[PDB]
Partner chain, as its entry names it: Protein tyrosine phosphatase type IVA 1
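For reference, the chain that follows is the form deposited without its partner chain, supplied as structure tokens.
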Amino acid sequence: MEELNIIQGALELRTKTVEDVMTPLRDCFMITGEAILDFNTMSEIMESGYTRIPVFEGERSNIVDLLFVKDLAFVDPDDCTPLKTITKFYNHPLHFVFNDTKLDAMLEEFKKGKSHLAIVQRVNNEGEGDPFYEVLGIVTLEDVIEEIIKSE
């Protein structure tokens, strides 16, 4: 039954964390902030199929912004507009989350806000002296939902 798998997933929201279902950084379709929204760039982004594209600068672990396909609506390819212009203008808020975060809580924060995408990062206390925040990947509402509705 579908109901059994759904209920089981709901139960498992208590146990599992965001790291269990996240899309790790190496599997994330991202883009540099130094990009130029000419026709080719826009077509790449659009055929990627992803609604939300994390924007990094320098290194992929350095997520500095978040691009929506929706933002490309009024963008003319002929103008060759720098992406920095769009990310500065819209300035969609970035949402972060620790790796040990349980799925029920993540579902709660997703529900409560307009947020659908959080950035999974880990507290790197295994120094190398002083610690820092280490971006592991991304987690979306669809991940949680799929963990709910998947068969098992």
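Residue numbers count along the first chain shown, from 1.
Unshown form deposited with its partner chain bound; subsequent notes refer to it.
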Legend entry - One residue of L94, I36, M30, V123 in contact with its partner chain, assessed in the entry with it bound (non-hydrogen atom, 4.5 angstroms): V123
Legend entry - Candidate site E59, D65 and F89: all three near its partner chain in the entry with it bound by heavy atom within 4.5 Å: no
Legend entry - Residue contact check: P24 to its partner chain in the entry with it bound, 4.5 Å heavy atom: no
Inset, instruction - Select from 115 to 135 the residues with a non-hydrogen atom within 4.5 Å of its partner chain in the entry with it bound and write them out in sequence order. - result: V123, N125, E128, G129, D130, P131, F132, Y133
